[PDB]
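Structure, as structure tokens:
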Amino acid sequence: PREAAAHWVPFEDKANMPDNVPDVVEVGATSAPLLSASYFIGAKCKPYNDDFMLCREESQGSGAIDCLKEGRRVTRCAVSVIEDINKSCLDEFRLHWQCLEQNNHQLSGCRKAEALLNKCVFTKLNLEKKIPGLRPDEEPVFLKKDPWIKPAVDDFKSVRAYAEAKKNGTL
Amino acid sequence: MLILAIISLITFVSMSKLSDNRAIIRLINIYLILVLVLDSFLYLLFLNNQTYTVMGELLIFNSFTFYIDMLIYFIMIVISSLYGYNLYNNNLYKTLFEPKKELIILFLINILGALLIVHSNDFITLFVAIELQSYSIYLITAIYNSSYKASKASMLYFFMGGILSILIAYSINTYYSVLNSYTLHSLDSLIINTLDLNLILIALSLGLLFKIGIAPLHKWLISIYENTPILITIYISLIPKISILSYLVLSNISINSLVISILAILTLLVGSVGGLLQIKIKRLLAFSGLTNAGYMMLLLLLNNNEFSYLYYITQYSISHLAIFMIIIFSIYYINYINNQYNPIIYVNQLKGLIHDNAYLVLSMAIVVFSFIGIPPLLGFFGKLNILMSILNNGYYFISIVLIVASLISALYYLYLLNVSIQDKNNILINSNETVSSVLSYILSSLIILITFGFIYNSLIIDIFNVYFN
Amino acid sequence: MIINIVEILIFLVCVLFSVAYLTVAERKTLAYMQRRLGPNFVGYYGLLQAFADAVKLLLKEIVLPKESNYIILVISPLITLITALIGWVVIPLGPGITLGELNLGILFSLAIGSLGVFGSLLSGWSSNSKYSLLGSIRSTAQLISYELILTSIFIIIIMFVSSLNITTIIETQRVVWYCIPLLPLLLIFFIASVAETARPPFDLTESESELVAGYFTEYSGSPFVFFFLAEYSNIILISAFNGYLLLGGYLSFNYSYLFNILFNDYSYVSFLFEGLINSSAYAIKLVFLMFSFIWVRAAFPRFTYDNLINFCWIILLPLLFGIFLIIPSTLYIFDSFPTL
Amino acid sequence: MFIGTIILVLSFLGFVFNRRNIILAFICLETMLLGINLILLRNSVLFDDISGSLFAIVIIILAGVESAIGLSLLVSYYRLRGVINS
Amino acid sequence: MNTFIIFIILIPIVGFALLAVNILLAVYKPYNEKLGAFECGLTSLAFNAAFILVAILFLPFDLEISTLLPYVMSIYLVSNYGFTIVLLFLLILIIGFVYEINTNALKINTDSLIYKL
Amino acid sequence: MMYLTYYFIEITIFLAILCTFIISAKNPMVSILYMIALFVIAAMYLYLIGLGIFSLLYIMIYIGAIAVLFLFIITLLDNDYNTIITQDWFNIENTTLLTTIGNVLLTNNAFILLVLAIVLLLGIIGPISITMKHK
Amino acid sequence: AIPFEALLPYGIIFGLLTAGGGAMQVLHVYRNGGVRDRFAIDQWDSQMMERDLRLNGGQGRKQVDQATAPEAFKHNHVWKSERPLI
Amino acid sequence: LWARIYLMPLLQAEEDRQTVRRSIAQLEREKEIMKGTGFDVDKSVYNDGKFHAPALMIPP
Ligand SMILES: CCCCC/C=C/C/C=C\CCCCCCCC(=O)O[C@H](COC(=O)CCCCCCCCCCCCCCC)COP(=O)([O-])OCC[N+](C)(C)C
């Protein structure tokens with residue numbers, strides 16, 4: 002779909018869902034927290050996302066109205082994993098997504114906070130971040146040490162926390 | 001081969017001196033001959049009327065386009081021979097017929113444009129090929145810039161071709177706006193029934209047809225043909241006609257069109273009637289070309305027009321080349337050269353040619369009676385096939401008009417022979433000079449084809465039945 | 001709205017005053033290369049010289065010759081000045097720090113540049129002084145010919161980035177400045193930026209010795225101010241193009257360690273300090289380029305028309321097509337086609 | 001569809017009823033191509049289809065080469081006569 | 001109303017303001033001798054082909070250069086395929102450039124003295 | 001303020017009618034300057050419909066080269130409903146109009162590109178052939 | 002020696018550009034609300050930012066990381082009503 | 063790219079929910095306006111049975 006052109010007004014619809022449709026909770030995180038949590042959401046909810054997309058394909062055009070149920074499933078899985086992060090690893094999650102807010106949302110600028118967040122989530126939620134499609138020879142960039150590309154300013158709080166973790170031995 | 005020739009030729013003509021023009025042109029003449037003979041066997045691909053879409057559905061290859069392609073190569077070979085070889089070795093003819101430095105590259109590029117028009121499967125390819133041919137043909141018109149008439153001609157041609165190209169682009173874009181497509185292959189019987197595309201498709205056909213000069217927009221082209229150098233006119237009057245007509249025949253977008261019917265009628269009448277009062281040779285020949293373009297336009301109103309159109313276009317190409325070559329040869333016996341671009345201009349300048357060269361007039365008679373359609377020359381069978389097609393499809397009034405137009409045009413066809421078999425007081429006594437062997441052999445080959453082609457008619461139809469069915 | 005206004009006034013004032021002081025800097029630098037002093041009397045240390053010339057020219061009568069199209073003669077300098085200044089809207093002094101953050105920033109730069117030959121093309125027709133006509137035709141020829149070289153170097157650089165956002169092109173250069181792998185391309189951009197700006201040695205367009213004055217022979221008062229201002233603003237702007245295409249724009253060095261020492265959290269102090277560092281890097285690059293324009297003016301004699309046309313179309317353009325062939329070939333060999 | 005159509009038709013009428021100059025003729029050609037292209041591009045946008053824009057790019061390039069060749073023809077025409085009296 | 005459009009609007013206003021200041025403040029005393037065109041102090050057209058030719062050949066070469074914009078914006082997506090296509094395109098154009106060079110398109120008494128003894 | 005952006009399309013249309022001053026110009030120059038004005042109006046309209054990159058390409062080519070040539074030469078010679134704009138998330142790449150044009154032109158239509166190369170080759174050879182007198 | 006009077010205008014230009022850029026950094030940060038700017042943003046980013054506006058109450062680029070969305074998020078959805086491109 | 067892929071299903075799902083709501087809502091609105099008239103509001107303009115979100119609103 003194309004973006005809007007010369008003159009447009011945004012308009013809001015005040016109707017409710019039809020009551021036959023089961024209600025569902027909506028994901029409340031914004032762009033930076035969502036981008037921070039994306040890899041864990043994928044790792045956990047991959048089967049449900051795949052099922053949702055397969056339903057949308059097989060519906061062959063009526064996807065919006067035939068694929069509501071596993072859409073509810075997808076949103077519920079996403080909300081569950083975000084809640085788990087909010088319960089178990091909140092401080093590192095905030096480090097990561099505030100760092101992203103500062104660095105134009107480039108994951109390359111938040112490797113230090115991302116290491117802490119990844120360790121916390123692996124230990125307390127058993128989710129691993131992994132980049133699909135790479136051969137064993139190719140190395141995931143977020144695991145690479147001494148990258149060519151570095152942020153302008155290493156985030157202050159993230160640097161302090163990373164050095165602290167290096168002392169504690171958690172990282 | 002054609003692209004490779006163009007590239008190499010650009011390199012050489014850059015690095016060669018002005019005296020090497022004719023040797024270069026002989027080189028390309030032989031190269032085209034070699035391609036025609038060595039690569040001819042690719043016909044075998046088209047057995048059972050097998051069609052191939054190529055280049056991501058931009059180009060279409062079938063027996064029809066293969067034949068048009070071979071015909072265009074044959075025409076290019078003949079036309080390049082006229083530049084690559086001197087009729088006579090005297091000073092006068094060095095002045096009369098010298099090839100420009102870039103002329104051969106322009107010829108090859110215009111040929112490429114014509115071949116891409118023929119093969120075009122998509123409208124973008126059609127438009128790019130049309131513009132390629134149009135630009136190259138503008139430049140060919142203009143390359144002899146010492147002529148006032150040639151420059152005036154090139155400018156008028158630029159403007160008329162530009163307007164017709166804009167009409168064509170508009171038609172293409174309206175077709176896009178209605179169907180969100182650039183291919184005619186998307187069209188079907190259901191779609192034609194469902195939607196009224198008649199206006200768009202007829203605008204596209206008219207934009208293409210006014211570029212070869214059908215009435216009522218003829219006169220600008222006849223003026224251009226009159227005002228160009230004679231060896232340029234032999235080319236620019238033929239190749240665009242072939243390419244555009246072949247594309248339209250292959251596309252079949254004006255079947256039973258009432259507007260095309262009326263315009264074909266008008267073209268026949270204007271080509272036949274308007275050529276009667278002519279006194280200049282090339283204007284006479286241009287009105288001939290207009291009438292014959294009318295005969296071919298009739299074939300755009302019906303399906304299964306492949307045989308009649310191919311036969312007609314081939315025999316017309318041969319007759320047209322031959323009549324221009326005869327006019328060229330008859331230059332050696334005129335007593336007044338009008339100028340260096342058009343040595344002979346008035347029909348009456350041939351008066352008494354039979355006393356100077358009897359067999360030149362024999363060849364002239366043969367080609368003229370082919371144009372009139374006297375059996376068993378090729379022209380008769382061309383007209384016979386056309387009449388067969390249009391009567392099979394119920395174009396009765398158009399058939400009557402075609403009869404009448406052939407009758408009328410016979411008058412200014414026979415005008416040439418009439419003045420040619422009259423008597424001149426000063427009759428050649430002797431000469432040491434020999435006409436060039438090569439061009440005389442080529443002219444003779446064309447004459448013998450026109451005379452004795454009919455013996456192969458049944459063999460041709462047998463071949464046709466297996467490659468186009 | 002208020003913030004937008006303040007940003008525009010700050011940027012506009014900085015650009016206009018930088019152009020004004022570039023003229024003084026030129027006179028002073030040439031002066032010291034010629035063992036003399038240059039303006040040191042109008043204002044302390046000659047710092048008000050440019051405003052003195054300005055005020056004088058704004059008080060000067062406008063002369064409209066008899067055979068002239070007065071509308072065209074007055075509007076041609078105006079349009080060339082407008083385009084020369086409009087070109088500044090996309091120049092960043094830091095990541096995203098610009099008046100116009102366009103995803104088509106490069107295309108905007110090239111287009112507004114291509115709108116730069118119209119002053120030369122129109123003034124000769126407007127003046128009707130014959131010297132102006134000769135200058136105008138020769139200039140139009142030279143400028144378009146060298147615009148080709150500039151556009152070709154633009155394309156070669158985008159081969160490495162695959163983006164028309166200027167900030168992105170600058171950001172990709174943290175790894176290395178593009179003037180390191182493409183040093184010969186940097187030399188050609190200077191030689192061509194000199195020519196495209198119509199500066200010596202390539203000042204054939206308005207050379208006093210071949211043609212008195214130049215296309216401006218007839219321009220007095222504010223129209224002369226406009227041609228003058230447009231010329232120096234274009235000098236700075238094309239130095240800016242050079243800066244962000246090849247010299248890494250506002251990138252100087254990795255100051256992450258230093259900031260982590262100085263500060264412990266984000267603050268307006270630290271944002272301001274970062275802004276000053278980026279802007280200082282970009283402005284020092286601009287200063288070296290402007291100094292180089294003045295240096296080359298001091299060192300070399302002029303070309304002739306035939307000479308510069310021969311240069312551009314027989315020595316430079318073949319090399320640039322050769323580079324067109326050799327840059328994607330090297331990308332292909334090492335499997336480094338840049339992503340979007 | 002509106003701006004392009006009107007540019008096309010007004011440029012066409014300027015071309016036909018030109019009895020002032022040949023430069024007007026060149027300009028009407030160029031502006032006709034402009035109007036064709038504007039109609040094309042609006043249709044491209046409405047369909048969210050790339051074929052329209054591809055053909056628009058090709059028209060741009062061909063109009064460039066057509067302008068080059070046409071001006072060269074005009075210059076060659078001028079070389080013989082010294083003056084264009086239209 | 002972002003900074004872009006406001007700046008774009010603002011620049012011509014500044015130009016017009018400087019022009020109006022000049023018109024308002026400067027004297028204006030035209031007379032015939034002042035209105036004469038300046039040619040070194042006293043009152044008082051064939052050209053070469055290369056003048057025409059630089060301008061005319063600018064347009065094809067400009068189009069060639071600007072035809073590579075789609076390529077450089079899609080280099081990765083077209084991979085080693087588009088790569089080869091754009092090489093062929095470039096070489097075809099280079100041929101025309103060679104023609105231009107070899108024809109010397111843009112470029113603008121040695122007899123002995125013999126006595127009949 | 002809102003009626004401005006609403007009628008912006010209709011204003012470009014009106015200015016285009018008015019500028020097509023090209024036909025009635027006393028001076029052909031002046032006619033060429035008005036042609037440039039028409040081209041700027043075209044660039045304005047193109048941005049409005051969502052094709053700004055085309056606005057910039059038009060400025061680059063038709064004004065930067067074609068209008069420059071025009072001037073060079075002549076100095077030398079003597128539907129009331131509103132559309133619903135909806136979002137979806139299936140596009141993860143940063144693919145714009147220029148990238149898609151490059152993609153299709155260099156892969157699906159490489160043939161059109163090479164034929165355009167031949168057309169530009171013509172645009173070089175022709176002018177040399179007719180404006181230059183060899184030897 | 003190094004001629005400082007020749008360097009004074011260069012110093013003026015350098016300070017002018019440096020101060021102008023620093024002031025522009027501070028104004029951009031202040032407009033953004035304490036974070037740096039977003040550059041080179043595609044369609045995806047624009048849509049994400051619109052969704053952010055729906056989530057955080059229209060407070061610009063403010064971010065919320067609560068798992069569950071407020072009630073008003075379900076009703077403040079916006080489609081755009083775009084005028085006919087004539 | 064992989065991050066965006068992992069986010070796409072949930073964002074889409076939300077958008078499909080909004081689409082169904084606003085399409086249905088407009089259907090009931092138009093039906094209510096058309097009560098008392100011999101017109102069927104539920105009949106699609108399309109011949110396939112597939113769901114078709116409205117385009118082309120009435121100007122507001
Ligand atoms: C050693 C290789 C030399 C071959 C070079 C061919 C050059 C073509 C140049 C000019 C065209 C000139 C005449 C073309 C003949 C049609 C062939 C054919 O039969 O037409 C059919 C299709 O019938 C048609 O639609 C009607 C054709 C209309 C012909 C009108 C003239 C009739 C009289 C000509 C008599 C022939 C002279 C023989 C004298 C002994 C295509 O046949 P095809 O596609 O299967 O290819 C043939 C196999 N080939 C490639 C190896 C040669």
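Chains as they are written, first to last, in the authors' numbering: chain U, 2 to 172; chain 2, 1 to 469; chain 1, 1 to 340; chain L, 1 to 86; chain 3, 1 to 44, 50 to 113, 120 to 128; chain 6, 1 to 20, 22 to 79, 128 to 184; chain D, 2 to 87; chain W, 63 to 122.
Even for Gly, the Cβ is constructed at its ideal location relative to N, Cα and C.
In the DSSP assignment, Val79 (chain D) forms a beta bridge with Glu13 (chain U).
Between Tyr413 (chain 2) and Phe371 (chain 2), the CB-CB gap stays under 8 angstroms. With contact defined as three or more Cβ pairs closer than 8 angstroms, the stretch 23–39 of chain 6 and the stretch 85–105 of chain 1 are not in contact. For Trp98 (chain U), no Cβ of chain 1 is located within less than 8 angstroms of the residue's own Cβ. Between the C-alpha atoms of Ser165 (chain 2) and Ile244 (chain 2) there is a straight-line separation of about 13 angstroms. Runs of the alpha helix (DSSP H) lying entirely within the stretch 253–340 of chain 2, each at least 4 residues long, are 258–274, 281–297, 306–329 in chain order.
Around the beta carbon of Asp122 (chain 2), a 10 Å sphere encloses 16 or more other beta carbons of the protein chains shown; the residue is thus reported as buried. Contact note: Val58 (chain L) reaches chain 6 through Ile161, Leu165, using a C-beta cutoff of 8 angstroms and chain order.
Under DSSP, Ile134 (chain 6) shares a beta bridge with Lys81 (chain D). Three or more beta-carbon pairs separated by less than 8 angstroms link the stretch 419–426 of chain 2 to the stretch 345–360 of chain 2, which places the two stretches in contact. For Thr89 (chain 3), the enclosing alpha helix (DSSP H) stretches over residues 80–107.
Excluding residues up to 5 positions away in sequence, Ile84 lie with their Cβ nearer than 8 angstroms to the Cβ of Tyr78 (chain L) in the same chain. Remark: the shortest separation between the CB of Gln315 (chain 2) and any heavy atom of ligand 1 falls under 7 angstroms. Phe337 (chain 1) and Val83 (chain 3) have their alpha carbons spaced roughly 10 angstroms apart. Taken atom to atom, the span from the alpha-carbon of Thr434 (chain 2) to that of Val273 (chain 2) is near 40 angstroms. Not one heavy atom of ligand 1 is found less than 7 angstroms from the C-beta of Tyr31 (chain 2).
With a contact defined as Cβ atoms closer than 8 angstroms, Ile202 (chain 2) and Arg283 (chain 2) miss out at about 30 angstroms. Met76 (chain 2) and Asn227 (chain 2) have their C-alpha atoms roughly 22 angstroms apart.
Taking CB atoms only, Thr180 (chain 6) has a neighbour in chain 3 less than 8 angstroms away.
At a cut-off of 7 angstroms, the beta-carbon of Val37 (chain 2) counts as near ligand 1: some heavy atom of the ligand is closer than that.
Under the DSSP assignment, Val82 (chain W) falls in the alpha helix (DSSP H) whose first and last residues are 64–95. Among the CB atoms of chain D, none fall inside 8 angstroms of the CB of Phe47 (chain L). In the structure shown, the three-state DSSP call for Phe61 (chain 2) is strand.
DSSP links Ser120 (chain 2) through a beta bridge to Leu59 (chain 2). Interface residue (Cβ-Cβ distance to chain 6 less than 8 angstroms): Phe4 (chain 3) is not classified as such. Put simply, the backbone Cα of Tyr441 (chain 2) is about 38 angstroms away from that of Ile97 (chain 3). Assigned with DSSP and collapsed to three states, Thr72 (chain 3) falls in coil, not helix or strand. When secondary structure is reduced to three states using DSSP, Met119 (chain W) falls in the strand class. At a cut-off of 8 angstroms between beta carbons, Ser51 (chain L) makes no contact with chain 3. Think of a sphere of 7 angstroms around the beta carbon of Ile99 (chain 3): the chain 1 residues whose beta carbon falls inside it are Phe321, in chain order.
In terms of side-chain proximity, the C-beta atom of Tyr67 (chain 2) is found nearer than 7 angstroms to a non-hydrogen atom of ligand 1.
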